[PDB]
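To start, the structure under review is shown below, and the notes come after it.
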Number of protein chains: 2
Amino acid sequence: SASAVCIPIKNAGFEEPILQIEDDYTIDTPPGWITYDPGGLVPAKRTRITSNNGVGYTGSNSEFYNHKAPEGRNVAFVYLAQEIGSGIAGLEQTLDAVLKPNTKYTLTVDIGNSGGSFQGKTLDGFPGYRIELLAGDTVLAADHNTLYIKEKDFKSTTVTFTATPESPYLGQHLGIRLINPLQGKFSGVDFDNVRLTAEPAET
Amino acid sequence: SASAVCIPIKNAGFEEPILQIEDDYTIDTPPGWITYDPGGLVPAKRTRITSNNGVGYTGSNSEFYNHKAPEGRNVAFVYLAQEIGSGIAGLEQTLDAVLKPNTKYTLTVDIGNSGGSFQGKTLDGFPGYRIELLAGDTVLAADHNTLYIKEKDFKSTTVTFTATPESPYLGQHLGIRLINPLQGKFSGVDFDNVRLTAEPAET
Ligand SMILES: [Ca+2]
Ligand SMILES: [Ca+2]
Ligand SMILES: [Ca+2]
Ligand SMILES: [Ca+2]
């Protein structure tokens, strides 16, 4: 951890684009990230009532969380309007760094369970979450909904992965997926503070 | 964890059938479990060199592990002969228990990275592992290859899951999957000591 190094990630805290009004949010894919929608659940033209993703201002007076964003003023969100078990969707980003042998990777991200209500619709419930670390288009490691996150709360999850010399994915581009697996309603989940460190692998 | 109860699992330590010779093994789906092969990588007629699974005696004089099986004398194993990325396969078991609200489930299983060599073929390498907790046919929680297990070693992994009263899977039968995701060679991974506890969810 003392010799840990950070792997560069674009818009890691979803601080772009800048917002100012409490509870304000966009419905466009946050800059630096791309929408992960293998089942085409996110419409070409998005509206506030369709499946969508974006950044949301989360200050100390947020209606959805007891505290402000874990990092900065913004958190990213992924909302799916389809029925439970209809599929999965989220944010994804390919990194410049490649997988190196004898290296332990530590991927940490804060998961938010929005609570309260919006326009008469309750935010009670949670669709779960899944964090993935990739090499190429292969999922090296993932944590699927193991954390318990209370409503209006944010919780840190950690995904580790050690690349050995026998790995077949050495030299492939690293990647990160923030997924909403749609396993419950209200089907919205927030993320923030994406961090990816690398260090010498365990002896 | 003091008021935690265990959920019944058949042949949880793969202690049946009984074996007596060091490193001896079977190639039949361990009793109490069923083979998980959605892509059909396991041929109907199994042989010692085809993709297979079964139980293997792992004592204190094993040629493939530094220590004895984490529990009892046997361990389960899942071998895939196919090339890396051809698919996943493993062991699955539906439990009599059903998902209950306000309950935190703890699924623990020891994962083995067999090492050494046999007939000039190295055991070096690991195909990774995935532990899943289910309700019906839905994966509620899972740990995908986040643990670093040295060769000839066993390491325990934990998958937690909290069911809220808002869960849409309440009353569905619990399930467990031990998966070989074929993300490396030697593509053999062992499992042992499957435990599933239940306790009142945190407040
Ligand atoms: Ca932020
Ligand atoms: Ca919620
Ligand atoms: Ca055993
Ligand atoms: Ca090995």
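Ligands are numbered from 1 in the order shown, chains are lettered A, B, ... in the order of the structure tokens, and residues start at 1 in each chain.
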
Contacts between chain A and chain B, please, where a residue of chain B counts if it comes within 7 Å (with only C-alpha atoms); show its shortest atom pair and distance in Å to one decimal, rows by chain and ascending number, as CSV.
```
residue,atom,partner,partner_atom,distance
B:125,CA,A:166,CA,5.6
B:140,CA,A:145,CA,7.0
B:141,CA,A:144,CA,5.1
B:142,CA,A:144,CA,5.0
B:143,CA,A:143,CA,5.2
B:144,CA,A:142,CA,4.9
B:145,CA,A:141,CA,5.2
B:146,CA,A:160,CA,4.9
B:147,CA,A:161,CA,6.8
B:148,CA,A:162,CA,5.9
B:159,CA,A:146,CA,6.2
B:160,CA,A:146,CA,4.9
B:161,CA,A:146,CA,5.1
B:162,CA,A:148,CA,5.9
B:166,CA,A:125,CA,6.0
B:167,CA,A:184,CA,6.3
B:168,CA,A:184,CA,6.3
B:184,CA,A:167,CA,6.2
```

Which of segment 43-178 of chain B end up as strand (DSSP E) when DSSP is run on this backbone - answer as a ChimeraX atom specification? /B:52-57,74-79,89-98,103-113,117-118,121-122,130-135,138-144,153-163,173-178

Cα-based RMSD, chain B fitted onto chain A, all atoms paired in sequence order: value?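 Result of the CA superposition: 0.3 Å.
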
Figure out the distance between atom 1 (Ca, counted along the ligand's line) of ligand 2 and atom CA of residue 22 of chain A, please, to one decimal in Å. 18.3 Å

Taking only C-alpha atoms and all ligand atoms and a cut-off of 10 Å, can you tell me which residues surround ligand 1, written as a PyMOL selection string? chain A and resi 11-16+55-58+68-76+110+191-194

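The protein and nucleic acid residues lying at most 9 Å from segment 37-40 of chain A are residues 86, 87, 88, 89, 90 and 91 of chain A, with only C-alpha atoms considered and sequence neighbours fewer than 5 positions away removed.
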
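Taking atom CA of residue 83 of chain B as the reference point, atom CA of residue 137 of chain B is found at 27.1 Å.
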
Nearest to residue 29 of chain B by atom-to-atom distance, counting only C-alpha atoms, from B:17, B:175, B:115, B:54: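 Among B:17, B:175, B:115, B:54, it is B:54 that comes nearest to residue 29 of chain B.
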
Do you know which residues are at most 12 Å from residue 9 of chain A counting only C-alpha atoms, after dropping those on the same chain fewer than 3 positions away, and could you put them as a short mmCIF file (atom, residue, chain, number, x, y, z; two decimals) with N, CA, C and O atoms, in the first residue's frame?
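See out.cif below for the written result:
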```
data_model
loop_
_atom_site.label_atom_id
_atom_site.label_comp_id
_atom_site.auth_asym_id
_atom_site.auth_seq_id
_atom_site.Cartn_x
_atom_site.Cartn_y
_atom_site.Cartn_z
N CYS A 6 -1.32 4.77 -8.54
CA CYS A 6 -2.70 4.89 -9.06
C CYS A 6 -2.71 4.71 -10.57
O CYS A 6 -1.79 5.15 -11.21
N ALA A 12 -12.91 10.24 -12.88
CA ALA A 12 -13.01 9.17 -11.87
C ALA A 12 -14.02 9.51 -10.77
O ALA A 12 -14.57 8.60 -10.20
N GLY A 13 -14.25 10.79 -10.50
CA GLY A 13 -15.22 11.16 -9.46
C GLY A 13 -16.48 11.75 -10.06
O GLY A 13 -17.28 12.27 -9.29
N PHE A 14 -16.60 11.70 -11.38
CA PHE A 14 -17.76 12.22 -12.14
C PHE A 14 -17.95 13.71 -11.85
O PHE A 14 -19.07 14.16 -11.77
N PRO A 31 -18.86 12.35 -19.20
CA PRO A 31 -17.68 12.45 -20.04
C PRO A 31 -16.59 11.49 -19.56
O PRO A 31 -16.45 11.35 -18.40
N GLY A 32 -15.89 10.87 -20.49
CA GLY A 32 -14.80 9.93 -20.18
C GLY A 32 -15.31 8.51 -20.04
O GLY A 32 -14.52 7.60 -20.13
N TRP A 33 -16.61 8.36 -19.81
CA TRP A 33 -17.18 7.00 -19.65
C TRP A 33 -18.09 6.70 -20.84
O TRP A 33 -18.47 7.63 -21.53
N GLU A 92 -18.90 2.23 -18.30
CA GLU A 92 -17.69 1.43 -18.56
C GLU A 92 -16.58 2.36 -19.02
O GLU A 92 -16.90 3.40 -19.57
N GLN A 93 -15.33 2.00 -18.79
CA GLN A 93 -14.23 2.86 -19.27
C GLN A 93 -12.98 2.03 -19.50
O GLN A 93 -12.58 1.32 -18.61
N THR A 94 -12.39 2.15 -20.69
CA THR A 94 -11.13 1.46 -21.02
C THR A 94 -9.99 2.37 -20.57
O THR A 94 -10.05 3.56 -20.85
N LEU A 95 -8.99 1.82 -19.90
CA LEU A 95 -7.88 2.64 -19.37
C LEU A 95 -6.66 2.56 -20.28
O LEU A 95 -6.60 1.65 -21.09
N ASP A 96 -5.72 3.47 -20.09
CA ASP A 96 -4.49 3.50 -20.91
C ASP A 96 -3.56 2.39 -20.44
O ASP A 96 -2.95 1.76 -21.28
N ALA A 97 -3.48 2.17 -19.13
CA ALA A 97 -2.58 1.15 -18.56
C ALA A 97 -2.96 -0.25 -19.02
O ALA A 97 -4.12 -0.48 -19.34
N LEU A 107 -9.37 -2.18 -7.00
CA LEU A 107 -10.40 -1.28 -7.55
C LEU A 107 -11.41 -0.95 -6.44
O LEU A 107 -12.06 -1.85 -5.95
N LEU A 174 -6.58 -2.40 -19.39
CA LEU A 174 -7.42 -2.51 -18.18
C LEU A 174 -8.75 -1.82 -18.45
O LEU A 174 -8.80 -0.98 -19.34
N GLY A 175 -9.79 -2.19 -17.71
CA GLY A 175 -11.12 -1.59 -17.88
C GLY A 175 -11.90 -1.63 -16.59
O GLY A 175 -11.54 -2.41 -15.73
N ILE A 176 -12.95 -0.83 -16.48
CA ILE A 176 -13.77 -0.77 -15.24
C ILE A 176 -15.24 -0.73 -15.63
O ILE A 176 -15.57 0.02 -16.51
N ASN A 193 -16.14 8.26 -6.73
CA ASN A 193 -14.78 8.00 -6.20
C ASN A 193 -14.20 6.70 -6.75
O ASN A 193 -13.79 5.89 -5.96
N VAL A 194 -14.14 6.55 -8.06
CA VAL A 194 -13.55 5.32 -8.64
C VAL A 194 -12.03 5.42 -8.47
O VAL A 194 -11.47 6.43 -8.84
N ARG A 195 -11.42 4.39 -7.91
CA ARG A 195 -9.96 4.40 -7.71
C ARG A 195 -9.39 3.04 -8.09
O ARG A 195 -10.00 2.05 -7.76
N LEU A 196 -8.27 3.03 -8.80
CA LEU A 196 -7.62 1.77 -9.21
C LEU A 196 -6.14 1.86 -8.90
O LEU A 196 -5.44 2.58 -9.59
N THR A 197 -5.69 1.13 -7.89
CA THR A 197 -4.26 1.14 -7.53
C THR A 197 -3.60 -0.15 -8.01
O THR A 197 -4.30 -1.11 -8.30
#
```

In Å, rounded to a single decimal, give me how far atom CA of residue 178 of chain B is from atom CA of residue 157 of chain B.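 Computed distance, atom CA of residue 157 of chain B to atom CA of residue 178 of chain B, equals 11.4 Å.
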
For residue 78 of chain B: contacts at 7 Å, only C-alpha atoms, fewer than 3 positions along chain excluded, given as a list in words: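 The contact residues come out as residues 52, 53, 90, 180, 188, 189 and 190 of chain B.
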
With C-alpha atoms kept, could you save the residues just selected as a PDB file, in the first residue's frame?
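Result written to out-v3.pdb:
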```pdb
ATOM      1  CA  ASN B  52     -14.721 -33.310 -15.655  1.00  0.00           C
ATOM      2  CA  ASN B  53     -15.387 -32.788 -11.916  1.00  0.00           C
ATOM      3  CA  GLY B  90     -18.837 -26.108 -12.044  1.00  0.00           C
ATOM      4  CA  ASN B 180     -14.355 -22.610 -12.954  1.00  0.00           C
ATOM      5  CA  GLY B 188      -8.164 -26.861 -12.688  1.00  0.00           C
ATOM      6  CA  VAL B 189      -9.623 -25.360  -9.487  1.00  0.00           C
ATOM      7  CA  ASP B 190     -10.616 -27.131  -6.244  1.00  0.00           C
TER       8      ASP B 190
END
```

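Each of B:101, B:44, B:109, B:120 was compared to ligand 3 using only C-alpha atoms and all ligand atoms, and B:109 turns out to be the nearest.
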
Just the residues within 8 Å of residue 4 of chain B, please, counting only C-alpha atoms, with nothing from its chain fewer than 5 positions along; format it as a PyMOL selection string. chain B and resi 197-200

Please determine, counting only C-alpha atoms and all ligand atoms, which residue among B:114, B:77, B:100, B:131 has the shortest atom-to-atom distance to ligand 3.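 Of all the options, B:77 lies closest to ligand 3.
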